[PDB]
Structure formats: structure tokens, C-alpha cells
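Next up is a structure, given as C-alpha cells.
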Amino acid sequence: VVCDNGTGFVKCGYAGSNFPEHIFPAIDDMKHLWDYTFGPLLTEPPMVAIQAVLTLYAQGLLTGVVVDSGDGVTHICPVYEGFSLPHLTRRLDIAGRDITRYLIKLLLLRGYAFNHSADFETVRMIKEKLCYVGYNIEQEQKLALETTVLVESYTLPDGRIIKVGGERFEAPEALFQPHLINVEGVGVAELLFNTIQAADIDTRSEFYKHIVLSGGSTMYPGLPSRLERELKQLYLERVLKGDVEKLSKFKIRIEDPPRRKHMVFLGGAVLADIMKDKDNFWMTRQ
Amino acid sequence: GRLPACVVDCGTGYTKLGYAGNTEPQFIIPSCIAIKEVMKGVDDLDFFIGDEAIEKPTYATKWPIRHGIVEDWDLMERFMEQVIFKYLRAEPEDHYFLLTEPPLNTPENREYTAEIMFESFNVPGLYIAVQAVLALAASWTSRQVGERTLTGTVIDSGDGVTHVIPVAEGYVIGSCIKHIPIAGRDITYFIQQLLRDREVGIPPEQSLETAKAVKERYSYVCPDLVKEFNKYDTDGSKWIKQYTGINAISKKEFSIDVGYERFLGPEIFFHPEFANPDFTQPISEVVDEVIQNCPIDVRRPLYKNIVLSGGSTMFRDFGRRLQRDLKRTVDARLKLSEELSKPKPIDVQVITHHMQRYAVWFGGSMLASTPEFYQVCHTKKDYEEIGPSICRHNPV
Amino acid sequence: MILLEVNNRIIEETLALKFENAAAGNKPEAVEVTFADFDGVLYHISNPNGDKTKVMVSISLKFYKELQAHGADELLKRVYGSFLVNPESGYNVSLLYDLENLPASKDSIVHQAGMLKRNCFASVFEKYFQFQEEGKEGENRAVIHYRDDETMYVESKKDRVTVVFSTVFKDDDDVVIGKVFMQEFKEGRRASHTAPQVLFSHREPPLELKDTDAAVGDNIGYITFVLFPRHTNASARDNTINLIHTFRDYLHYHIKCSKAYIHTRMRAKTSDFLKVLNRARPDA
Amino acid sequence: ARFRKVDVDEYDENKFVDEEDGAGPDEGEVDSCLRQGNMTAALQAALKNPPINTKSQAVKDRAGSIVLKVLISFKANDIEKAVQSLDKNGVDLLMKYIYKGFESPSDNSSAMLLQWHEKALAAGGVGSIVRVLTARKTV
Amino acid sequence: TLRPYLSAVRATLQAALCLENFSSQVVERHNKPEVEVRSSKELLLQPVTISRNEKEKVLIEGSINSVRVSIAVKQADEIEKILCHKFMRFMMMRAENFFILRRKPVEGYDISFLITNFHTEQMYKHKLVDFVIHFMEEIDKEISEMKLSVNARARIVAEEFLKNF
């Protein structure tokens, strides 16, 4: 059976499967997880099979760059052929919980009596349906203040209906700004650009045409398109050097598979042919 | 600047009004406007409010603020007109305004209020505060507190519906507020019935009037019903009182006896079966339950600082009896705990002070006397340049 | 109310309540109230030295030197005789009422305590009315800066007294409404032929004051009040001053009430639109 | 940000490009008819060879003037008959010029133009207006 | 001439209010009013103006899934100008309830509507057309009544003060 342990979500199932038969985070404590998971091969992230190979495997690829964003962390793992490249790969601190928490504060300022503890899951879903980053602020704010269509209605569990407009794009943004974040980054896009650029100069174009997304945090609508637009501007800005012509030539493609939410699991499951005795292998089972 | 910002606290029954810096309100007036039966015009200009608006009976009394919500916005707007130009006598362009509001008002209602204040009265600055937060701040003047904190539990009982609200850092936790139906008015009706069935010679159409006075003059909380009943049945000469009012009809004096209602009136919270038949469940458990619905991590300070607001809380020894009963409920839960079973249970207090009656107004005056108030207000220029985002939200 | 009050209502209800509690025989509770009035006027009502049986009323005004230059002292001393004590530090005038020595007619002192601002303005008017009745012409005009950006001009002529207000309308749209009010004022003689004549000039002073440093601008308005013997003669005086010193605030009140009324009408119509739309919205 | 200031979409090969290429009705002819009081004849001439293909607004603004000149010269009661003398194509083209006219009001020009709209609508239906809306090549 | 103009506006609205649901071609899983975003030129129709005179006119801008309608309202003098500005602003502040209204007018107009396929699906399009016409007629009547009101109250106010001397 394939078990994919994530910080905020555990995907376990069988082989040559489809989607996890179970998606439930495990409650020493890791050993405790066995009691509620196994009871009524192994997968390891870049601290047996490197998920980068896995995510890519399910895609029928060996080379490429994997952008995996989950609950606790976000990585950019470039995989060359079968193996991964433990050296290029970079990490994003940037976050799910924080945005959900920020959306709650923003809705509170609007005048909705939300509680950070009691309503955390409810607002998480409003973020999971309405609320993510935008290309620019001044334009977004105009759309929010000038058309009705920002301004989307959302039915709370008790039947009341609230409205969400500018906060839809306002929550990612803290995180961007250096102002409020008090740390200096990029993002994710600029982070992706650097990873590929700092790589070779031959299979670099190879990576660019095989960027694959994985994890739930990569399911917010428009992400793939935003990444592309940001990469085209970054390419234009640096390697292209402002030449209109050098743009037409470039090859760009961000693979965003429908079942990318659990792309690691989907991979992992059908990797895994059966050894006849389980029995004899391990030291312990030995 | 130079002047004290106007503080207007529009309540369900009584509106508290005055100028910042003052210890007590300059007016306490009934929150209904007596109107005729549009009427442009001369019909317009004609109005009464307070005592005048009440006084004629015939000419219909409205609740300009009922449940903390404006009944009709047009009539509420007219109310604010005379509140400013007849009673306060403030030139509105020279005074910042502090208004107050009850929890659960929607942002739309806030924009309607601000629209009125800015587009009609051209005020230089406006702040709309939630009643509970200033009332908590108002309690910082009490000797029983030594350090300032803006985390606590407010028991807001008005004349329409009492609300129990835990508040953390200035924002009401909307999902944990609870309402209890019963208020000053229920007390009046039941005691009214109580007098009708026992005392004789009381003309019906002025029954409430009399009723209000007896409650205002003789009601109290007793510690135990049966011992107290025995007290009245034993030492009647120094426990039974007499009240004398004048009959609004025939201009003659009526004298009534005042007995059991004295302790039975305020008693009714305590045993909720009193007040309505539907209320199974006492005040100690509801307040405890409310506190128990908020995050466990923040259930430390809330138990240490329960503050009272509104007149319905000015009955002698209300807080003491409440504190005892709550201690019994908390101790019983931690008793169950221990047996099943550690960390020690937090001490439980109820803050009382001398300004409990209109704690809300007092808090308004105290905050509006500081420079910060001038810092956080919305200016008319910002209203014009930004529009409607600004006035909905609190100061950055 | 509707006509502005000479009488300060907060002062009247507060002192009437205090005398009634005294007369009933209750012990007095402390009172400490600080509040304002129009034209930067500040009042304070307190218990001097914490003695709750004594009530002090103090007034502090910016005006004051200019009014003092025109006869104020004689009138205030004439009216308040004895009640009058050394002014409290921080204030210009203080009145002290002893609750243990109240007069038989309390309403008259409640009224006079209300009068206070009006009685402060009265002397300048009384002075120029005397001048007018005696024919002493050519006297320098009084210029009273009653507000930071408002100015008052008083002039006596052969057969009339002119009172000029240089007022400022800070919010643009009230100017537009105000022109309608002043136009209605210009035609006021079509209903009251024996009424004081009124003129109005917008953004430019009247010619008689053109030689001074008078303000000019889009938010300035000049109002002239022409007072005939019937308003300046002996009975006339008190009623005249009572109305003339509240006129400016009366105008600002009615502009605001007109805008308020328009909001109520407009609100009713928007509610009707919402009803039509919902009629229009499909039932299912 | 800077790199975000450029609208890369303007160079997107997958966009849509209109088919464009590279004079108007005969001014002298329209004048002849008008001078002779032949209004219907002037209308039919003004509607000939419209500059549906030129790039410059000068030539388009020229034909619109000629057409507008004619519509204004008309007598109220004689509008219906002229409109009825046109074929469906003429009615559709007339509607385009009428809307054009609505953009240059002067004196009572819109007053008579509303009369033309009414009659043209009666002849071509709302469909003729629909065709003002989705024309890619217009007056 | 008030009747005729409205006839021409009405017919144009009938032509423009022929909308359908259109998923975004530019952004994945987005659905946006094409007349507002304008990222696909082929989806935009030719803007047309109907004018009654130099001052009163209606601008109608169509697209495959939305129509923007802007009106320049009759304002004969200063008081009509301010009354109109205040009334349009009042309605615009309430745009969430009056769900076919834009929150700000197109530059050069007093009030603007944004009508999308979602509106034409849940409301009879012919009644939407009737509504715009009704609105144009009624705002004019209300502005006139407002004007009479202010003037009427002003006379009583001048009279009440003056008669008391």
C-alpha cells in the first residue's frame, strides 16, 4: 500500500490505485500514527524514492522541475533524469495557515464577527474558493471597488450570507511585501526562475518545458497562469535583455495535471510492484 | 480641538448624551420620538422627544433605537438633528463626534450612520465605537483593578434584550455572543401583574408608572427566599413598607403596601424558570457556557474580569451573588475534573464600580478626552478621497 | 429648538434640577460639567473648593477684549449686582449661587443664568443704539472677530443701524443651498412689510466696508441687517438683540435640516426602487 | 516591479487580429440632389460606397458629414417614404450613420435623428441595430 | 422630444441585451464581464451613443456576456446639478442592493449600469430594458420634485423668520 506523509495531510492507499483511499493527518508520535493508519514501499521527502522522481514519474517524465506546495512548506525540486539534484533545490517559507488567519482578520475589519479558533475551517474554505494573489494592487483594488463580481457572496454554515471582495486578493500580499513580512524574498515564481537559471545552460531549456505542480496549495485557480506570466516577465527582464525577438523563440510550459493535488501519492502507488515475500526483507522482520 | 468631543450613546430605552471630560451625562433622555399622525413643512418642524415626546400619550411613541438598531432611518436621523441642535447646542463643524453601537450591527448600517453624519452635519471627525469595548475601558477607573487590560467579559443588560459578550483585544467574538430575552421590561410586566393580583385600589391605566417607581425605590436581591419570607412574616413592622403615589386621575393620593416584590423582582434572573417558563437554564451556566465556547488558550483573563453595564445591573449585591453562584458552577466542574483526574483553577471576579448605571457614556467621555482619539478619527477629507472603505473599519 | 436659544438648555436643566433637589431637602451631590457653545465660548459648572452646597458658573471667551472696549462692564454689573464673585482661575467671569440662600423666584435666576452669552453681547448693541438715538454720527465702526474666520461689523446711520456678518461656508454645496435661503430672505418684505430689511452679497464686501481688509472668496458671504427705529427703540431692544445674535446659527441650522430632509425623501425613493426590482426579480 | 509594467499580452501569438486593408460617397452628387430639392435621391447617393475599409477617421468622418447633412435637410413627414425606398442593406447602413450622428449633436440635430431612428427601426427591426453593434468594419 | 429619444434608446438596449454565459478565454477557470476587462477584442461590440441634444445622451457598450450603459442626465441649473450628483451618489453607495448599477460612472456620465448574462438569465431581459427606460424617466421627475421641495421649504423658512420681527 503507498503511504505519503505530509506535515498537514497523510495520503495512504494501494498500488496502481487512483487517489488515496484515506487522507487524514496522523495524530514516538510517529509510531502512534501506525496504530490509526495501519490499523483498522515507504515515501520520504527531501530531508526511499525522492518525491521529485515520484511527482515526475506519474507524469511519465525523468527530467524537469517540481514545484511542491503543501500545508507546512513549499519546495522547488529540479530532477535530472531518474535522480534528483539535492543541491539546486530551494525552499519557500511562504503559507496556507497564515493566509487563512489573515483572511479572518480582514473579514473581521469589514465587520464580520469571526473568531480565530471557532471559524478557522470555515474561512479556510472561503480562501479555498474565493481568495489568492493578483498581478497588481492598484488595478485589483479598482476591480474590487468598482464592479459587483469581487464581490462574491458566501453562505456561512448558519445560513447567514456575507460578502468578500477586495480581501480575496488582499490576504497573499502581506507575505509578499517586505513591508509586513519583515523578511526578504521573491516568491515562488522568482524563486523558480533562479533555481532554473542557477542550473546548467544545456538542459536548462529542458527544465523550463517540464515544470510540474504538486500539492493542495497549488490548486488555487489561476496559479499556473500567474507563474507563466511572471516567468515570461523575468525571462524578458534578464536573459532576454528586453529584445522583443528573443521572446518569440522561448519555450515555456507549466504542467498542471488535474490530479496534482496528490501527485506524489498517485506516483508512488504504481511505482510499486509486489515482492513475493515481505516477510524476509527487513532486519527487524527478519 | 479645544473643545470636548460630543459623546452620544443611543440605547434601546435611554439615550445618554453629553460632552467629553464630564463625569456624568448632561442628559439621560427616553429613546422614543413622539410623532403626528410627506408632511412637509410646518408638520416637519413639529416633533417631540424625552419627556415631551413621551408625555402625550396619543401621538405615537417610537423607539429611535430599539435593540441598538435604528427603527427607521429617517426618524433616527431626525432624532439626531434635535439631539445636536436643541440639547447639546454644539456647532457640529467644531466638534469631533463619538457615537456608540451594540454588537452584531452590520457594516451597511455603519455606512448609513456615517453617511448621515458626514453628508448632512459636515462633522470634522467621527468614530463609531462598539459599546462593550468602551464600557470595559470605563471599568479601568475602578479601585479593584490595578493594571490596564482590554480583554474581558461584559454583561450588557439594557431595557430590551440582555447580551453576554466575551471580548478580546477590542473585537467582539461574534460567534460566542448570547442573548437572553429578558430585561427591565419583563421585570415591569411581571411585578405589575403581581401588584394587580394582590394590592387593591390601583387604577389600571397608570399601573406601569407606579410599578416602575416601586422597582426603582424598593427592589433588591435577597440571599435566600424562604428565610426572607419568614423574616417578613415575623418582623413585619421593620420590613414591610408603604408607598404613596398620586392618582393621575381624580388628583387623589393612593397608598399601597410594598412587600414580597422587593426581593422577588431582581431574583428572577437566578432562576430562569421565573422569568419565562421556557428558561430552564440559569444565568451562571449560560455565562460559564459562553466563556467555555471561546478558545481554551484565552480562557484565563475572561474568568478574572466580568464587568457590568446598563442600569439593569444597579441592584444592590447583584455582583456578589453572581460571583458566588459562578464560583459554585466553576468549582463543581473542576470537582468533576479532579475526581476523573494538575493546573490550579483561575480566581473568578466580577468588577463593580460607581458609574455602573451609564458605564458606556463614561467610557466614551474618558476615551474622547485623549489625543489618541483625535489621531484615530476619520476626517471629512479622507471620507471624500477614499469613500466608503474608510468609515466601516476601525483606526489603523 | 427651532429658534436658537438665548437660554442654555444644559445649564437650565442642570441648575433647575439642583435647586429642586435642594428645595426637597436632599443633600447635594457633586457636579462638575465642562462644555461649550458657539463662537468658541466655554462654560464650566462646578462646586468651588469641593463644597457641594455652592455652585459656580464660569465662562471663558476669546472675544472679550473687543467687547470690553464697548461698554460690557456697566451692563453686566447692572444686571448681576451681588452673585457675582472673583473670577475662577482660567476663566473670565464667575457667578456663585449659594444653595442655602436661594431666592423665592428660582425661575427668574434660571432664565438670567441662561441669558449669559446674550447679555455679554448686549452692551455693544445698547451702546450703538444710544449713539443712534442721540444722533452721534461718525463714530468708528465696531469690528468683532467672534470666530476665527468670521467677522462682525456694526454701523449706525441717520435713520438706521446696519449689522454686517462676514461668514464662511467651509463645505462647498451649502453655498449653493445658502444662495436660495438668502434669495428668500431678500424677498421677505413680501410677507412682513414692517420687517427689518436684509441684503446679501456673495464673495465681495458691501461698498461701505470696501476700504478695510475684508475677506474675499468663494466661501464668504456678507449679510446686512437694516434696523429701523421700531427695532432700536426702547421696547424693541431686548427682542431685537435676542434674535439678531442667534441669526447666524439659525441659518446654519436650517441649511443642515434641509439637507437632512432631502436625505429622508431620497431614502424613501430608493426603498421604492428596491421594491420594484424585487417585483421585477423572478418569483421562483 | 518595472518588469510588470510591460503588457506582454500585446505580443501574444494566439490573440485575435482583425482583417484590415487599404473613399466615400460623391459629395458633388449629393449637393446636386439637395440643391434640386430631391431629398430621397440625395439619401440614396449619400449611402453609396461607404468607407468601410479605410483606416483614417478623416475619410470616415467625411462620409458621416455628407450623410448627416442629408438627414438634417429632411422634412419630418417625408422621412418614412425615403426610408421605405431603401433595401434591407440600405436600412442597415442608414442605422449605422444615425448612431454615428448621435455622437455629434448640434442644435436640434438629435431631434430629427430620433425621428430617423424610429422610422429606420420600423423598417429593419432590432436586427438592424444588432448589426450596428457587431460590425467590425464600420462608418 | 422626450418620447422619441427613449424610443431610440430602448431599441438599442434590445439589440445590446443579447448575452450568454462566457467562460474566460484569458484566465483559467475565470468568468468575467468582457466589457469591463476588455482582454479579448473580438468579444467586444461597437460602442454606440444615442443623444437627445448636446447634453443628454446614453452610451451603450456591448460584449458577449455583458453590457455597460451610461447616462448623461438633464441638469438645467446649479440646483439640478447638485441634486443629480447627490442622488446618483446615493444610489451608487447602495450598488450591492441595486445589483445592475456600477459603483462609479463611466467618465463623462452621471450614472452607469453593468448588466451581465447572470442578470438576463434571472430576470426577463425585456423587463430589464423596460427598467432602464423607466429609470431615465423617473430620475428626471424626482429631480424636478426635489427642486420644488427645496424651493417650497425655503419660502416657509424665510417667511417664518421674517414674520417674527
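Think of it as A, B, C, D and E in the order they're written, each chain with its own count starting at 1.
Assume a residue touches a chain if its C-beta (ideal position, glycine included) is under 8 Å from a C-beta of that chain, and two chains touch if they have at least 3 such contacts.
Chain identities (UniProt): A = Actin-related protein 2; B = Actin-related protein 3; C = Actin-related protein 2/3 complex subunit 2; D = Actin-related protein 2/3 complex subunit 5; E = Actin-related protein 2/3 complex subunit 4.
Participant: Would you mind telling me which chain pair, A-D or A-B, is linked by more contacting C-beta pairs?
Facilitator: Spelling it out, more C-beta pairs touch across A-B than across the other pair.
Participant: Rounded to a whole Å, what is the gap between the Cα centroids of chain B (Actin-related protein 3) and chain D?
Facilitator: That pair's centroid distance is 70 Å.
Participant: Using mean C-alpha positions as chain centres, tell me how far chain A (Actin-related protein 2) is from chain B (Actin-related protein 3) in Å, no decimals.
Facilitator: The mean C-alpha positions of chain A (Actin-related protein 2) and chain B (Actin-related protein 3) differ by 51 Å.
Participant: What whole-number Å value describes the gap between the mean CA coordinates of chain B (Actin-related protein 3) and chain E?
Facilitator: Distance between chain centres, rounded to whole Å: 45 Å.
Participant: Centre to centre, by mean C-alpha position, how many angstrom separate chain B (Actin-related protein 3) and chain C?
Facilitator: 36
Participant: Give me the residue numbers in chain A (Actin-related protein 2) that touch at least two other chains, ranges are fine.
Facilitator: 145
Participant: Specify, in ascending order, the residues of chain D that touch 2 or more different other chains.
Facilitator: Expected reply: no residues.
Participant: Would you please write down the residue numbers of chain B (Actin-related protein 3) that are in contact with two or more other chains?
Facilitator: 44
Participant: Please list, in label order, each pair of chains that touches.
Facilitator: Pairs of chains that touch one another: A-B, A-D, A-E, B-C, B-E, C-E, D-E.
Participant: Where on chain B (Actin-related protein 3) does chain E make contact in their complex?
Facilitator: Those residues of chain B (Actin-related protein 3) that touch chain E are 40-42, 44, 111, 115, 388.
Participant: Name, in rising order, each residue of chain A (Actin-related protein 2) that touches chain B (Actin-related protein 3) in their complex.
Facilitator: Touch list, chain A (Actin-related protein 2) to chain B (Actin-related protein 3): 108-119, 145.
Participant: What residues of chain A (Actin-related protein 2) sit close enough to touch chain E in their complex?
Facilitator: By the definition above, chain A (Actin-related protein 2) touches chain E via 145-149, 151, 163, 221-222, 224-225.
Participant: So in the complex, the part of chain B (Actin-related protein 3) that touches chain A (Actin-related protein 2) is made up of which residues?
Facilitator: Contact set of chain B (Actin-related protein 3) toward chain A (Actin-related protein 2): 103-107, 110, 171-177, 293-295, 387, 389, 392-394.
Participant: Going by the contact rule at the top, pick out the chain C residues touching chain E in the complex.
Facilitator: Residue list for chain C touching chain E: 3, 173, 176-177, 180-181, 183-185, 187-189, 191-192, 194-196, 231, 243, 250, 254, 258, 261-263, 265-266, 269-270, 273-274, 276-277, 280-282.
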